[PDB]
Each structure stands twice: as structure tokens, then as C-alpha cells.
Number of protein chains: 2
Amino acid sequence: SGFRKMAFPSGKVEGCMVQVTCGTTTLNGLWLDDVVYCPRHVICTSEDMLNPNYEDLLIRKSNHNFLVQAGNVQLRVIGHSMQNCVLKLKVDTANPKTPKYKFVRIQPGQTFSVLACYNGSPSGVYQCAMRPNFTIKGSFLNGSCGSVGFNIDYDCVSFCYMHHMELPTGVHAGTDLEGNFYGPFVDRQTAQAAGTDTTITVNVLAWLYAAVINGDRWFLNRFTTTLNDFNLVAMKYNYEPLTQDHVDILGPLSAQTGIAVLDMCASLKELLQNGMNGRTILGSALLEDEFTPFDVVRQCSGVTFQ
Amino acid sequence: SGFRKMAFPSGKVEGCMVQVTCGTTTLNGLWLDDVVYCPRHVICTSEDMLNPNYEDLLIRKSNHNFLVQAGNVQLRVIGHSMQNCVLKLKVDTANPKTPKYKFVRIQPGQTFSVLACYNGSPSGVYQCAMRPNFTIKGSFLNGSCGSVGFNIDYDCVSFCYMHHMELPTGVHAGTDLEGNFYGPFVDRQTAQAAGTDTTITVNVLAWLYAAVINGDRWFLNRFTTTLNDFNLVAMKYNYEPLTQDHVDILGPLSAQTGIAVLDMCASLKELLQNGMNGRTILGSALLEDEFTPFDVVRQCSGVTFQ
Ligand SMILES: *[C@H](O)[C@H](C[C@@H]1CCNC1=O)NC(=O)[C@H](CC(C)C)NC(=O)OCc1ccccc1
Ligand SMILES: *[C@H](O)[C@H](C[C@@H]1CCNC1=O)NC(=O)[C@H](CC(C)C)NC(=O)OCc1ccccc1
């Protein structure tokens, strides 16, 4: 029993974190096979970050301006290119520890583990969600750039995130590992808006299901509702519209629990209109939306490796 | 910026998790050098767990009744003993991946990372605190026993917890790695009370300091207080008495922030007497107590490896 914000075991991605230095800036880089991925703003100086002409800065750079080291071992750089906002550094040595891996562009509402690094060395793992507005509520100090987000499936690391910047609101933004930002962001030290952040309704329901599974059942109603009437309630409260594949995705949880999805939505509507009245659900006084249905099932089922 | 429940990188302890089987029961075990530590109730059968005579069950056991495997590799057992509630299985092979390690008995209020395992394979990491009442609010399904809790310092793994059982309240109990339970617990399938759980006051303050550091400053008062008068407030609300080495431990946070500790206590007294009025602190509507002062400093400072 019990439900926790659980990150993936980080051992596979640990052996992939390197230090990438270019002049005074040091960032983290991801060493897979014989290429090192890192945020391209490693090539920026003190001033360049207001509005960098990245191709023009990269031209001033040669292979030997890129100090990359894995722990103590310095790797020789035999090639560099820029793919979108990511620098790809070809190195002579294949990482002896590259795991089976995929690059994937995750979708909003999906979660992933972040291995927060500084100076190529790991300092912590936590779980977070790609918000609907394509930001993450992370914990990133200076030098954390190039820290990566990932999922594990069997022995397969699925890298989906590389950290680039902090916004004015204090949330975080970053790219997929092909260097394309999630969201409308650009890697400049400029004021950039994220949109309104909506709540991931299907995740909240999955967390209500985990709550029922774990004994928290006070919020269970005697009511029901309809997709459309709940969806009018969702829009009042900046909740993403619940759709028919959402109820289908909750199917396993609905069956394992014997609570129809729309009975759960009607429970959620009451929580949204009457608050929690100072009660708690799974040790929280807020509605939690960083648990996907798969997170719940994996945790309430104990799926290993992954 | 940002503050998250961060676990330690789990790579070092991953390479130490094995499967230990004895008849029908399978648990996780910790393979360090040529010994495998695992909960002694691996030797229990269906019925034995109501009130096991553990020495009498262990006598029926020989070295070859202990199937331990690391991934696919089965290790030969060359010796077994029982130290308190832990079985020590001597194996012929030293783990080629044992990290620098210590066994430590952590104190209440301290935190640690848990690597939740099933069948000797890791499935997730999360952070939790040894409650004042010596339980943990974990996430542990069947087969999770032998999962371990740990801290990292430089390259040094400090193992402090091994999971044994779930209580009626759904919290979790376990031993240090010398097999002595934290708390008044015994490894029987019996109804066992933990005490009232008090809130770790010094941790709540450290989290208020992290909140100020991260921009959340609405709760800051114009009041002050005294250790004794706050401590009368703490006792009303099941908060552990704040002591003089507690304010001294908060010293670095008090200095880095310019908020006297007793000004913070007076802010905490107001939160305790007037609630949060539907506001949030660091994305939470509850007062959080699973962050020690060192957790805050490490996170607000970015300390690596550890
Ligand atoms: C990469 O190490 C860094 C991560 C920031 C630093 C503090 N917290 C973070 O998430 N990213 C940047 O410094 C980025 C540089 C651009 C050229 C992409 N600028 C940025 O994020 O500005 C916001 C900021 C806030 C607080 C301190 C420094 C920068
Ligand atoms: C070890 O794998 C297991 C962990 C329990 C199982 C479910 N959640 C847990 O934390 N520990 C035990 O099964 C323990 C056996 C005693 C001989 C130590 N008994 C126990 O914890 O009883 C409570 C329980 C609750 C729900 C399912 C099974 C047992």
C-alpha cells in the first residue's frame, strides 16, 4: 500500500552524464555511443545570451574549444554540429555504458524522471510532468542545463527532455533530444510567457483511482455525470477537457476498482466546487495531476525495471 | 529555482539488489562484498508469520535452501546466520559493484532515499523521512521487502533502512541494516501500534526557509516569539519541541535568508493557528516536514554526487 511520487531508477542514465565546457560556461551533456548532446547555449558568453546569433557563435568555435569529460576522463571531440537548440559533439570514444535507448518527444500530461546534474555529476532524481503549457515545475540551479528527463521501459531508456532555461514564473523549459523546445520557447535570456497552465484532468482521475485503491474513499459520491456536463465543469476550473479515449485509458483503473469513470468525474466535480474542506487525499490537500494512469498502474502493480 | 522532493541517484545501490528465495517466499536482498542481507522472514511460510519462532525455522534451513540471484547469475551460499531481524547470507562471490558504504542507524526526522524493488530488480526511487514515531510513509507492495533506504555522501552509500512490513495504518516499518527495527516493531503478522506521529518542527522551518529562498514569502509575519511560547504552540499541534540545537542547525538558512529563526517560528505559529486560508507554499496546501535543513541546503546549493 502507499502512493509516492516515484522516479525511475537512475543508474542507466547516470553513466551517460558528462561535463561540457566551452570557455567559461560549463553544462551537462548526454554521452550516448560516440556523440555528446548538450544545450547549444554552452557556446554563449556573459553577454551573448540576450540575443545570440548561435550559428555565428558556433563558427568562432573549433573541435578543441569543447572540453568534455566523464568524471576524470577527458574525451577528444572529432566533430561538432548544431541540431536545433542542441549541440552534437562527436567524440572518439563510444560510451562503454550507453544503455538501450530511444529519443522520444513526449506529449503534454506525460511524466518523466529528471536526473538533475551539475558539472557532469548527478545530484538527484525527481518525477515531473510535461504541463499542458509545455513547462515543467522542476528544481534547477545554475549549471543544471543539459540535465535530462527520461522514462525506462524494460532495459530501454527513453530520453524525452533536456533542460535549458528558467522562465520568469520560475517554471522550467527545455527541448527534446533533437533540440526542439517543448512549447513556444527560444534559448535567449528574454522574458517569455508560457500560456495559462491547465490541470491534466485524466491524471487527476488516475490519482483519485490510486486514492480509492489505497483506502482514501471519503470523496466518493452518490452522483454521476456526463462527459459534456463534467467538461463544462472542467472549463470553469482550467481543467483540460475530458475525452473518450481518456475514459478508455482509465478503463483498467475503473475495472480494477469497480468505480465507473463518470462516477469518478462526478466525485471530481464535487471536489472542484466545494474544495477539500481541510481534508486530505493521499497526504495532499491539493488535487494532484502529475500521475498518469500508467504511473498509477505501474505503482499499484509494482512493475520492475521500468 | 524550484524545490522538489529529490531522491539520491540510485545507480550505486541498483548494482547491489539481488533476489533471495527460500521455498515459496521471494524477497530482495542487499549484496555487499560477499554477504547478502535480507529480511529474516524470507524463511517463513504461509502460516509461520502469525508468530514465527525464527531460530526454530532457520534450523530447518541449510545453505542450499537459499536461492539468491543477481539478475540471471545465481550465487552459491556458503554460510547463513541471523543477526536480529536480518539474514546474513555468505556467498562465494564478492559483488564486483559494491560501492564504498557504511551502515548507519538514522535518527527520527532524518530523510533518506528508498529504492523500491521487486524480485531483486529496482522499480523506483522516492525520498522519505523516518517519522518521529519510527515509521515511514512509503509505497511498498508485496515482495518489496528487503528494499533499502540510503543516503549518498561523496561516493559513500550510507544504508540506513531495510523494509519489512506494513502496519494497519498503512505506514511502513523496517530495520537498520544490523536487523534492529526502528521503533517498537517485531516481524510478525500481528496488529502493532505506532505512537502518535508528531510533525518534525525543524524540518517544517527548513521548508519555510526553502520557500522564502524560492520566492514564497506571503506567510512572513511582522511578529516574533520565544522558544518556550512557540514550544507551547508546538505541543498543541503535535509538533516536536523546538530546541536550541535546532535553531543552530537552521543557522546557515537563517543567515543565507536574513530571517531570524524565531521570526520564522512566529510565522509558523500563525500558519498553525489560522491555517493556510486556501493558499499554497511551494505548490503544497499542507505544511511539509520531509525536508531536513541539509536537504534544503543541498537542494538550494546543488551539492553533487551526494
Ligand atoms: C542552464 O544551466 C541554465 C539553467 C537556469 C539557471 C538557473 N536556473 C535555471 O533553470 N539556463 C540559463 O541560464 C538560460 C541561458 C539561456 C541562454 C538559455 N537562461 C535562463 O534560464 O534565465 C533565467 C535565469 C534565472 C535565474 C538565474 C539565471 C538565469
Ligand atoms: C514484504 O515483502 C512484505 C511487505 C508488505 C506486503 C504488502 N505491503 C508491505 O509493505 N512484508 C510482509 O508481508 C510482512 C510479513 C511479516 C512476517 C514481517 N507482513 C505485513 O507487512 O503485514 C501487512 C500486510 C499488508 C498488506 C498485504 C500483506 C501484508
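Heavy atoms only: backbone and side chains are in, while hydrogens, waters and symmetry mates are out. A note on names: the letters A, B, ... follow the listed sequences, proteins ahead of strands, and every chain is numbered from 1.
For a heavy-atom cut-off of 4.5 Å, chain A lies close to B:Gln299, B:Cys300, B:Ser301, B:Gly302 in residues 292-302 of chain B. Contacts from residues 207-217 of chain A to chain B, taken as heavy-atom pairs separated by less than 4.5 Å, involve no residues at all. Within residues 150-167 of chain A, the residues that have a heavy atom under 4.5 Å from a heavy atom of chain B are A:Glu166, listed by number.
Annotation: the span from A:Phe8 atom CZ to B:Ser123 atom OG amounts to 9.5 Å, rounded to 0.5 Å.
The shortest non-hydrogen separation linking B:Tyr126 to A:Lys5 is CB-O, 3.6 Å. A:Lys137 and B:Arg4 make their closest contact through O-NH1, 2.9 Å (heavy atoms, listed as atom of the first residue, atom of the second, distance). Contact record, A:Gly170 with B:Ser1: O-OG, 4.2 Å, taken as the closest heavy-atom pair. Annotation for B:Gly124 and A:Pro9: closest pair N-CG, 3.9 Å, computed over non-hydrogen atoms. In terms of heavy-atom proximity, A:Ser10 sits nearest to B:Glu14 at N-OE2, 3.3 Å.
For the options A:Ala7, A:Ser121, A:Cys117, heavy-atom pairs under 4.5 Å to chain B are most numerous at A:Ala7. Counting heavy-atom pairs under 4.5 Å between each of A:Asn142, A:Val303, A:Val125 and chain B puts A:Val125 at the top.
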For residues 273-283 of chain A, which side-chain donor-acceptor pairs fall under 3.5 Å, sequence neighbours excluded?
none

